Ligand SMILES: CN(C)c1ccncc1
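What follows is one chain in structure tokens, specifically the form deposited without this ligand.
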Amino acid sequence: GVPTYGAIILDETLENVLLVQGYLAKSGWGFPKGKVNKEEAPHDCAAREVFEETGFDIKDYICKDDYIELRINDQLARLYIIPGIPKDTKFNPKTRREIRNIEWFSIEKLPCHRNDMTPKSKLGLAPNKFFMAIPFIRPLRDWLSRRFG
């Protein structure tokens, strides 16, 4: 799969993360990210996509060693960790045809898994509007614990 790059932007308290809401197949909340172009460096793709989806330019803040990367059905998603972005930053998605909304979410309030349907004797997972973000939540929490204590 074509790899994707983007960012986990946190505020000054490290409590909150910036999520974006897409449309249609991507109707729920996820991290800002997108597909690398031919001959584009990972960090450049992350800045370009995040600027398209948030209106915020991370280029000067990216630490090239600080990221969470997951393989999800043989597509790599790498999200560069960007702490310390003020909560009052004015975000303005560029791609309004793809981005419904942009908001800060409390890390401790986000799910790190979806719930089963064992109460209904039914297989599978209940819908959750954070499904795109969820796989990154436990890895983020662990990464923060280590880097900040």
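In this text, residue numbers run from 1 along the sequence as written.
The next section is about a form of this same protein that is not shown, the form deposited with this ligand bound.
For this chain, the superposed copy of this ligand, brought over from its placement in the entry with it bound, stays clear of the backbone and C-beta atoms by more than 2.4 Å at every atom, so the pocket is open. Under a 4.5 angstroms non-hydrogen atom cutoff, this ligand in the entry with it bound lacks residue 106 among its neighbouring residues.
This ligand in the entry with it bound comes within 4.5 Å of no heavy atom belonging to residue 61. Contact check for residue 68: no non-hydrogen atom falls within 4.5 Å of this ligand in the entry with it bound. Taking non-hydrogen atoms only, residue 110 never approaches this ligand to within 4.5 angstroms in the entry with it bound. Looking at 82-113, the residues that come within 4.5 Å of this ligand in the entry with it bound, counting any heavy atom, are 89, 90, 91, 92, 93, 101, 102.
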